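Asker: here is the sequence, then the experimental structure:
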Amino acid sequence: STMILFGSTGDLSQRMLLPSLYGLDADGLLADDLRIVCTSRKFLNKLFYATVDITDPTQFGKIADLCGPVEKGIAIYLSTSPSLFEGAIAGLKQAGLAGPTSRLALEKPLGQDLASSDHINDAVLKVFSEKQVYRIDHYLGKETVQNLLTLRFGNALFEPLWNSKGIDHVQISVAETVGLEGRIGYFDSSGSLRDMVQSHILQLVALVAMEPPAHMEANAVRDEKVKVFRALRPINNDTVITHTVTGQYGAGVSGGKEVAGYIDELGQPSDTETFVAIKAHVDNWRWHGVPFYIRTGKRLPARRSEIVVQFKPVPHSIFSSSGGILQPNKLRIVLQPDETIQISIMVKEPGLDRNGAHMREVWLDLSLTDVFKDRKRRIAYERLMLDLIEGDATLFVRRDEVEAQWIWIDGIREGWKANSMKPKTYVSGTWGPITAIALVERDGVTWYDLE
Amino acid sequence: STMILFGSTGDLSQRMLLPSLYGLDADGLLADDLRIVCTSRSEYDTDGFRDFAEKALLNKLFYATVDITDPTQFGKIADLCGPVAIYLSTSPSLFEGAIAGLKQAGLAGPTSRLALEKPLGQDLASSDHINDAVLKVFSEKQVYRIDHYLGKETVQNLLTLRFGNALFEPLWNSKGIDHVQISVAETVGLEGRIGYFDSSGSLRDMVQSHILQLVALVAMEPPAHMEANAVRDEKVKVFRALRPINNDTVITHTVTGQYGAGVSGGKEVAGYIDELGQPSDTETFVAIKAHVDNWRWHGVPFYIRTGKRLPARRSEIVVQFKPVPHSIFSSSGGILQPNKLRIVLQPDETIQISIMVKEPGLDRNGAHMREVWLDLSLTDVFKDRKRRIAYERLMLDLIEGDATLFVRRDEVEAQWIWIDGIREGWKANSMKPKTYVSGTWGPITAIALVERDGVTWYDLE
Amino acid sequence: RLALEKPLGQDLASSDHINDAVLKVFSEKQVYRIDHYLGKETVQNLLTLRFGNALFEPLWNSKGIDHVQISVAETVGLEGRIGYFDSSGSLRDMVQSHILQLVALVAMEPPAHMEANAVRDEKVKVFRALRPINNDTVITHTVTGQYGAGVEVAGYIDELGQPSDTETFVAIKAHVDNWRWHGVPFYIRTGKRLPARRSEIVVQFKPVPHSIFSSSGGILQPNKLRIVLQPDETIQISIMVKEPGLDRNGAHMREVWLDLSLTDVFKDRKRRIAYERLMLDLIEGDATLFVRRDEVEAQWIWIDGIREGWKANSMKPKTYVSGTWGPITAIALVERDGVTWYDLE
Amino acid sequence: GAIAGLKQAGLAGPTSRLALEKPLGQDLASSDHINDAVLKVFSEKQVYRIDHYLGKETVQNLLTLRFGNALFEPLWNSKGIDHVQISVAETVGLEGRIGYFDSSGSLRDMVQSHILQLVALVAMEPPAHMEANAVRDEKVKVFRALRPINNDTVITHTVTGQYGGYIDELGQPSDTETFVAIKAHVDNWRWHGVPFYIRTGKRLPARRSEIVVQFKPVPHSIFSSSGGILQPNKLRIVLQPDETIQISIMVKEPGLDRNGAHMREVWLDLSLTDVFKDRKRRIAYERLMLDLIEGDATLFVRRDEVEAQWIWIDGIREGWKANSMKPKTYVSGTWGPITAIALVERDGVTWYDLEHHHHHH
């Protein structure tokens, strides 16, 4: 019933960040009892400003403030620089609101490293149990991401093929046209690996690589996802160079306006990625030998996040009439900005005989964006928010998840920190550095785009 | 290398060329050794025919005429071009005399190639008797029997679709598919065919040849390589494997319908008996539930329906796929319709697949979903290609080689054994046909045929 | 480190009061529960049979297995320290813990790597996938009995005096309801004073889809994989072979068995009573042969839910004379389904 | 041929049929020349070709094991199995018909039909219903799915040998193989991608003809620890003169903290001969006489099988006479020429031998 930010009068919060809070319930969903406690340097009535500062210790005892009943729960995000979190953690203690089920919502980066994340979580845990913790991951709230569960197990056509023999490899790519998210100097703090790959891509891979549960339970869903992250192939300095590629936002023509370089955008020489590509494997016994080719970067030629499952070829082209070449089957799922799923099959080409059979590849296409046009375009936060209020919530992260996510992340970065692996530049609007072609082409693979 | 032609005057041969010719007079595909041979009961010359031919279309035309009782206008073909295949479309009475002349001319040979479009049978006795007179004169290597469905391009892609894709083969077995459905629908009543249909019946007209050929295409095992002989041998196996329909199963597995007088195209249409002017028990519609017993196909029902005066004209092959082993969306709110693959072969050429998808919205109570169809349209993709007219590649097959499209004896021998066994069985039970209203999809008892075991009927409704 | 004995609980309230009072002092990592069954070599190889091999998995689902049979039969009684049966019956001792563990090691999915929680989590998922027999399902899906007087023996009551309403015999038709197993009845059976002692699992596979030879003499007997854990340690498979004979009337076939007896080769293995390894686990590492708090929860929930149904149906066991191979009524819980209790016959 | 007696005695007639057990061919033309001459008087129904090995009882059981059970076929696919190995070895000198043995080889005698039909009963699909030509019809497609060993593949896909000697017993310049090794390939959906290892010979120190089917490896090894290695699981079959069939499984070897976790490769063993010892113990030729009269027999080879046998037999012979290959003497009991071991040992495969008598320390 309350959310805390110390910078609202200042910087981004003052101009664009706040409406996310006001807009989502102002005409959308329904809310009536809430007590937004804000502090900085319907429910319109609830919002109320306050002032707080970590530097004076005696100040924390003085604020002594709690809006709403103790039997409600204390959710808050401390968006401060490192070492200021510890000073202001106790403020809810002056309120004292830890006893009731507490939402403890954390839509946050959660730190650069597992020790960095654990430091946070160990301190948060003493006031609140895991059941109280409700960490949001913005993709898990996207509807297009949610249907990955109906897709495999609400249909009998897929699961026979999710097993190494069925799939030769899978390709995932999160595409963004612009690097101007207002994160410059904040991106430097993390970067595309921790910014995008550590949870949102990993959460998607978990939806793709897992086993089905027996039923749609909250904790049955999450307990099977940690298994993929614990079954990831750990990328070591001995494997990072072959399996990883970093690239950086350069100066090209992007979006119609010509644009400039990352380093020249920060003003100082910068080393973060703004693009990365990995060749992962799941060793659960259903995925051994199946490469997942993951990719994300900014200043790319299109913003379009899609998954492409390429299946193993037929054991035999019985149409080896000199026209018998069969293009592997692809299951293509597009989740942003258009909602789309398609399959690629072979069909005899209308015609006679040129001393063989000639055929074409073609796509059975279905688009959710068009099929459901009279339906809603609800924001992820609107679906996610009710679950916070609801006694058991399903779309929120768990410690085993993040802890298994970071281990793979920290093992990779040291691998190229121990290998001294600098990024490679790309022209904004090019699809990235030229080294990501060999990374797949050394395996025979091609990255799916338009024709 | 060489082809001779018969029955030039009749509205059958000329009709197919009209639409094709206007689009194409250009192709000139045939090899030089072949030339236009025209024979009909006509007095137009060689020149004088190339004048009638031009309306259908002079460089390759040779004419000359014959008589149907005189084996003497038979030398006129002999006094015609012949360097160091034939098409006969006649009624039953002239069949052996027409064969008689070819032997006297010498135009009957191991070199000679035979093509036989007209109905070739009613029993084994016929099948064997009609073929055996041809067979003593000719071998299988010279006889190539036409099947008017087998040539449709949508049917040719059934081999590419099934065997050019690996997404179909893991589930193309008894465990993968709950049931297989084939439907051919005709809005039109027979027009001008009465007295020909009554002797054949609906089952002889469509089920014996085209529908059975389609059943094999879904059920046939793949050949090691695609050659007419390798592909055909597997198809014959499907006909041999088909479970025999006998008196015990005939009443349960077969429904027969005769079209009544109701309405077609917004106007009342008369009953089949009324058009004949004679009482008939012949069938204008048939429905069957059929099983092919094989390690791959044992226990999977295949249901075949073809009808006359049915509500719409379309031919569709729908293969339902087994329901998911567990509904992980239990506790209510989730219904998981099994996956279905629907392919349309008439009148639109189209393939679709059935998938389950969450409905846009929150989980709320239960998981809510819709089934939805991945749809592909074959006619639009090949827009720079031609249209639905046919009898095409079959020609190239003549000068170049053996034809996958043409029929062989063991199949026709296997078709009638299954088809003849059904007719005697409903003769021993005295199965009178059931009437239906023209445009209702057939007699309503054919609905129990599917509905008593849990099956329904696909409509885009 | 604290290790607990076999009599942990008699119901939900018990094992949750006894544990959450101890889990108030200790934790799940430092807590070990004792299953006498788990630590046996023949049980240990079940996971080694399934997942160290590739021959079985292609069929280990509702599309390759017809039925499983798990039997543990005894000749003795409970002499020396009777009281637990009076307190718990024959349900809570051997089924709630011992045989349910044998149920888990056959109907579970593989972990990525052999580690305690990763292996245990797959078993917990089974005990959650157990279809709960409740209400008016326990009469037609369960059979109870009591060993009578016969063979000098006297009955249980005809040796104890007081009237009790608890069975020394239970028959269930269990059901794991997951993608892998939906549709596969699991047949669990145990009891005392029966004419044999051999604990064994039997997995009957479905019949081949079509029979080429089934016209005359075509009796196609299904293939069954046989495993014997107690007291014989024996794994076999039933296969169909041609009868060498000059036959003029159809195909002649015999059901024969690929036989394997592991003790005969496992002599070098220092065969010993099961408990000797269990101590080292507690002494030097993570407990893989021990039950977990979530394992106890899903066991008792499915163990107690039946008790709801038969005390409301006021269900009483059915007398079998000792040596009646059980009550004759456990023969119809399968004969109504066509299946019959297997025997080497 | 001297069949000329029968037709010029009025004997080639419908009352009576024929079964042939003669050295019919050395090439496709000779059997067809024999066949065309016999089919010049008869048709295939009254023309029967006899293969001794088909007629052995334990050989008869190959398809019933394949098709009376549901455990194998799920794996009888390229995905299911890695490779097949067929071995037929003899103890005798090549002297039983030493002059006759020269000019036919061990290929056209033993492999062209006997072991190729052992190939046929392995790489076939099930027919509709058992019928005399239904069995044959699925073997023809096998004999058609046999990759024709190329003159470019005959160096890396074949190995020949000689009794060490055959020259020292026959006189004339001899290039005759007292041993043969090939690696065949069935190119159908079910089988494309599976090495078929065929091996036979006469100057070897053992006599037990056997088939071995190795199934593919597991995707993931959950039990990753020291000591525990996994040999792939295999099917072993021995029919003559021993009838002994086993399966390779991985079973735990009990130990406490000794050399890590322990797993043994042990065998489910079954011998038909002990079970049926009270039974016939007949001669492979016994029933074949009853099938011919008033009947359609399943157990006879057909001209297209022998034709497709010969076509695949001749395609090698041109090619290895084109590579000018000569046999390699092996000194009287070395399990073959030293080169047939690399035909697998380079491919990772090793020639399978009984674990007892194959191990040391």
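Answerer: Good, I have the coordinates. Numbers count the residues shown, from 1 in each chain, chains lettered A, B, ... in the order given.
Asker: from residue A:211, how far off is residue A:163?
Answerer: Residue A:163 is 11 Å from residue A:211, where distance means CB to CB, to the nearest Å. Where C-beta positions appear, they are placed from N, C-alpha and C, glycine not excepted.
Asker: what about these two, which has more around it?
Answerer: Neighbours per residue (other CB atoms under 10 Å in any protein chain shown) separate residue A:163 from residue A:211, with residue A:211 holding more: 19 against 16.
Asker: surely that one touches residue A:287?
Answerer: No: between residue A:211 and residue A:287 there is no contact under CB atoms under 8 Å: 10.3 Å.
Asker: and the strands in chain A?
Answerer: A:135-136, A:167-175, A:244-249, A:253-254, A:257-258, A:275-281, A:291-297, A:305-311, A:330-336, A:340-348, A:359-367, A:396-397, A:424-426 (DSSP state E).
Asker: can you tell me which of these is most buried?
Answerer: Greatest average neighbour count among the strands of chain A goes to strand A:244-249 (a mean of 26), per mean count of other CB atoms under 10 Å in any protein chain shown.
Asker: between it and strand A:275-281, how many degrees?
Answerer: 160 degrees (axes from the mean of the first three to the mean of the last three CA atoms, to 10 degrees).
Asker: quick one, what contacts the residue nearest to residue A:297 when sequence neighbours are not counted?
Answerer: Of all residues not flanking residue A:297 in the chain, residue A:275 sits nearest, at 2.8 Å (CB to CB, 6 or more residues apart in numbering or on different chains). Residue A:275 is in contact with A:192, A:246-249, A:296-298, A:300, A:423, A:426, A:432-433, counting by CB atoms under 8 Å, 6 or more residues apart in numbering or on different chains.
Asker: any idea which of these is the one closest to chain D?
Answerer: Distance to chain D, by CB to the nearest CB, is smallest for residue A:296 among the contacts of residue A:275, at 27.6 Å.
Asker: distance check, that closest one against residue D:289.
Answerer: 77 Å.
Asker: could you find the closest non-adjacent residue to whatever residue of the stretch 201-350 of chain A ends up closest to chain D?
Answerer: Going by CB to the nearest CB, chain D is nearest to residue A:285 of the stretch 201-350 of chain A, at 3.5 Å. For residue A:285, ignoring the flanking residues on the chain, the nearest one in space by CB to CB, 6+ apart is residue D:220 at 3.5 Å.
Asker: please work out how many residues are found near residue A:409.
Answerer: By other CB under 10 Å, neighbour count at residue A:409 equals 22.
Asker: pretty sure it contacts residue A:195?
Answerer: No: contact between residue A:409 and residue A:195 fails when scored by CB under 8 Å: they sit 11.2 Å apart.
Asker: overlap of the contact sets of those two?
Answerer: Contact criterion CB under 8 Å, 6+ apart; residues shared by residue A:409 and residue A:195: none found.
Asker: next one: phi and psi at the residue nearest to residue A:285?
Answerer: phi -120, psi 140 (degrees, to the nearest 10).
Asker: distance of it relative to chain B?
Answerer: Using CB to the nearest CB, to the nearest Å, residue D:220 is found at 21 Å from chain B.
Asker: show me what contacts residue A:309?
Answerer: A:167, A:170, A:171, A:208, A:330, A:331, A:332.
Asker: beta partners of it?
Answerer: residue A:170, residue A:331 (DSSP bridges).
Asker: return the distance of the residue nearest the centre of chain A relative to chain D.
Answerer: For chain A, residue A:200 is the residue whose C-alpha lies nearest the centre (CA atoms, centre = their mean; 1.6 Å). Distance of residue A:200 to chain D, given as CB to the nearest CB: 27 Å.
Asker: can you check residue A:438 too?
Answerer: From residue A:438 across to chain D, the span is 27 Å (CB to the nearest CB).
Asker: point me to the residue sitting farthest from the middle of chain A.
Answerer: residue A:355 (50.9 Å).
Asker: looking at the stretch 201-350 of chain A, which residue is nearest chain C?
Answerer: residue A:231 (3.9 Å).
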